[PDB]
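This document starts with one chain, in the form deposited in one PDB entry, laid out as structure tokens.
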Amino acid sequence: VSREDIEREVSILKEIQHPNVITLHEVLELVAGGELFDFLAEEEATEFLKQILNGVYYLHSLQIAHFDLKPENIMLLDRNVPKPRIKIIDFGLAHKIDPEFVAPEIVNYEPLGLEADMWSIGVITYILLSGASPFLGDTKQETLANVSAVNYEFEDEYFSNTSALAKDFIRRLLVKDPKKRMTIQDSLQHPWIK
């Protein structure tokens, strides 16, 4: 790992102290419970979700975007505890966020930001409610195409009885324009989550 990258990760890790994010002692706490999803294989979807949202709120508080939020990066402290706890881990991609002769790509450059994290959460939310992945394809090229088109459905095999609020919450996250996407503050104020 280009050490710039190593340096970057340690720097983020040092910065962050929250219950829902992994803690670093010296250059990581043990999180025994395993990937969260394994351990599950709406009210209780919501209970786990609230925790993730709480961690991400804190991260975005610090202007840090995780950039790799997915189910294998969500872990349980102990599987065997009455109210179990989740930790976000794997901060390898995290970042702090802030003409005659110029190319269009520069003129039209738009940076990535905390929004990408929110979309991810919507993807995770979909999976949680079903075992299914919204944009997943027979091939990677198929999958990438789906993600750009925002080509997904709530299929009946999985969603016929899912609440309207839950779908709204996901529909609000799964938006192509980053500006129109729900923020982390917005998500926590959402009705399904309240």
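Residues that one form lacks are left out of the comparison. The numbering used is simple: start at 1 and walk along the sequence shown. Between two forms, the rigid core is the largest collection of C-alphas that superpose within 1.5 Å.
Residues of the deposited sequence that sit between residue 42 and residue 41 yet are not modelled:
4 to 9 residues are missing.
Hey, how big is the hole between residue 98 and residue 99 in terms of deposited residues without coordinates: none, 1 to 3, 4 to 9, or 10 or more?
Count of unmodelled residues in between: 10 or more.
Going by the B-factors listed in the PDB entry, is the mean over the C-alpha atoms higher for 42-50 or for 126-134?
Comparing averages over the C-alpha atoms only gives 42-50.
Got a sec? Mean C-alpha B-factor, which is higher, 185-193 or 3-11?
Here the higher of the two C-alpha B-factor means belongs to 3-11.
Take the CA temperature factors straight from the PDB entry and tell me which of 147, 165, 64, 30 peaks.
Highest C-alpha B-factor among the listed options: 30.
Based on the PDB record, which member of 158, 57, 152, 37 exhibits the highest Cα temperature factor?
Highest CA B-factor of the listed options: 37.
Taking the C-alpha B-factors as the PDB entry records them, is residue 18 in the lowest, middle or highest third of its chain?
For residue 18, the deposited C-alpha B-factor lands in the highest third.
Quick one: classify residue 77 as lowest, middle or highest third of the chain based on its Cα B-factor.
It falls in the top third of the chain.
Against its chain's modelled residues, does residue 176's Cα B factor rank lowest, middle or highest third?
Lowest third of the chain for residue 176's C-alpha B-factor.
From this point on, the text means the form deposited in another entry, which you will not see here.
Once both forms are aligned on the rigid core, what are the runs of 3 or more consecutive residues with C-alpha shifts of 2 Å or more between this form and the one not shown?
Shifted segment: 99-111, the only one.
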